[PDB]
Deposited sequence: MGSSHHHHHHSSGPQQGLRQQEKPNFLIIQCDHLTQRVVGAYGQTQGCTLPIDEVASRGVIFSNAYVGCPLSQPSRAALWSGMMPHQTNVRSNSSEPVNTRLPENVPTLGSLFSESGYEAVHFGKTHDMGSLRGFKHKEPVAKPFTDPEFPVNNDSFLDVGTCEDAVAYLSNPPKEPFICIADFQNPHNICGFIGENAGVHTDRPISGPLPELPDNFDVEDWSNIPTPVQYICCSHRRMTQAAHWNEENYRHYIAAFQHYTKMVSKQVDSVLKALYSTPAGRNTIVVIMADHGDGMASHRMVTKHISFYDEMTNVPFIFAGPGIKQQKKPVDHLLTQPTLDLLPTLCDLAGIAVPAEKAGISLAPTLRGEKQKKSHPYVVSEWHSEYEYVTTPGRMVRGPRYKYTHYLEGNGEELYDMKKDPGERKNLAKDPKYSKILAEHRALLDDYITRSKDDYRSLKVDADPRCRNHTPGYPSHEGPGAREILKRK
């Protein structure tokens, strides 16, 4: 019998908060239970740390400059994926699967082939944290997926949850200098990489996220207590969505279809979680935002106690071929992803990514400051057109990315070697990166570098 698939994706969800990754306890027990039956990938980099580019890319198995959906802007700034591009939904539908999608779309046409049902917001009251339509829509999504799974073959079902994206609304309610609303639970500690060591040693676009990113403008002058309350809220919205994941899985396993279902849990991108002073996602490529949870379990998938760290994976590219392989569906040769089904099955992985990549372009076209990330087996390299800025982090010895090695002459060979990987990427993927124009108004680079120095309203008000 062909397997069913349930893909659960949570917007902003991070490795740090998912207990299976070993950093934070107590926030994701239902996800951790799935992980404990299957396989989790340590190195799972998304193609862009932003929702619409990530999703347009994910469901088509392509990179953002190829879909040409490079920001969150709507039509005509970004155009829907052409109907001739194969997608996860087209491939599965054409192979006899019922393909259904619940929850957040934000796909710019890459969900073609799925039958989508729009969720309806179901409001509720939270006595300690701000909640908004992000959280209320998730209630509807959960109801929809529960109803579907409680009476389902073969099928592929996506449940696209918003949380912990309600962190964005939290930041708005706590913008600027403020005293935090008291909460009852423990107040988390700041991460080891909270502080930026040296602002002069990071790229211009990253130095001025306070100017270009509304949420960073709002948090720029936050104190340490303020950031700790941010982390608490992030954990709270994570717990909230984890309860919905539990409800969805209970529905799945309530009929005989469940045991024949492969479950995937992932995120479109992560969240700064105060690391590098960052809130949410914008411009930078640090692991908190680019390296997401990527968990599989189900029939034929052999349990692995240890996270898989010997492979570099790219969910944005790899999900489509992995699911097709598990379903016995031929993948178009042009798709650049690499099926992980052999690793999942305990069979020989004959092909793997030598490196993985992420992209930045713009958020809403106020500031266009393209960049690229290359994660090799050990080091992460970043480049930004603006100022020709570069980063180089030793991910083995400096997993917090505190120490930029790009200007250290001891690392000049390593730096060259990673520039060369970017060159290979640009060639093979037909990236127009090197020809792109920076549009970064000097008004958004007009104070001493770094967020504590930020003055004034930021790009969306000034430009």
Where along the deposited sequence are residues missing from the model? 1-21, 174-175, 487-489
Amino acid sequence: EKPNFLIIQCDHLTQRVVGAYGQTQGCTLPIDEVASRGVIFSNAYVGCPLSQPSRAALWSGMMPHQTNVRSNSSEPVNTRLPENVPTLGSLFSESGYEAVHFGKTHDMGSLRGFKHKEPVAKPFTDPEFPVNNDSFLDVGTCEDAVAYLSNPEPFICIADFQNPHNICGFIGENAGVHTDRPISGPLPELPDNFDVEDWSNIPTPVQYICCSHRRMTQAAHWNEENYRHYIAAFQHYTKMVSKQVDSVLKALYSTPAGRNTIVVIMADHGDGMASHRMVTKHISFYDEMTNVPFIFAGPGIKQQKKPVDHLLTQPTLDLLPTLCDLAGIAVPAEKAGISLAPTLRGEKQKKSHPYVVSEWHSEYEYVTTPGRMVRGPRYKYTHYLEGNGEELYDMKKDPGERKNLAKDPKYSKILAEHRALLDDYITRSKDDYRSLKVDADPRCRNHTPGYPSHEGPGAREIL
From here on, numbers count along this sequence of modelled residues.
Quick one: say whether 350-358 or 234-242 has the higher mean Cα B-factor in the deposited entry. 350-358
With B-factors read from the PDB entry, the higher C-alpha mean of 378-386 and 161-169 is in 378-386
Have a look at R80, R215, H101, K122 and flag the one whose Cα has the highest B-factor in the entry. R80
From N43, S36, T67, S54, can you pick the one with the highest C-alpha B factor in the entry? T67
Quick check on the deposited entry: does the C-alpha B-factor of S429 sit in the lowest, middle or highest third of its chain? highest
With respect to C-alpha B-factor, does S200 fall in the lowest, middle or highest third of the chain as deposited? highest
Per the entry's values, where does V367 land by CA temperature factor relative to the rest of its chain, in the lowest, middle or highest third? highest
Looking at the C-alpha B-factor of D287, is it in the lowest, middle or highest third of its chain? lowest
Would you please rank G176 by its C-alpha temperature factor against the other modelled residues of its chain and give the third it falls in: lowest, middle or highest? middle
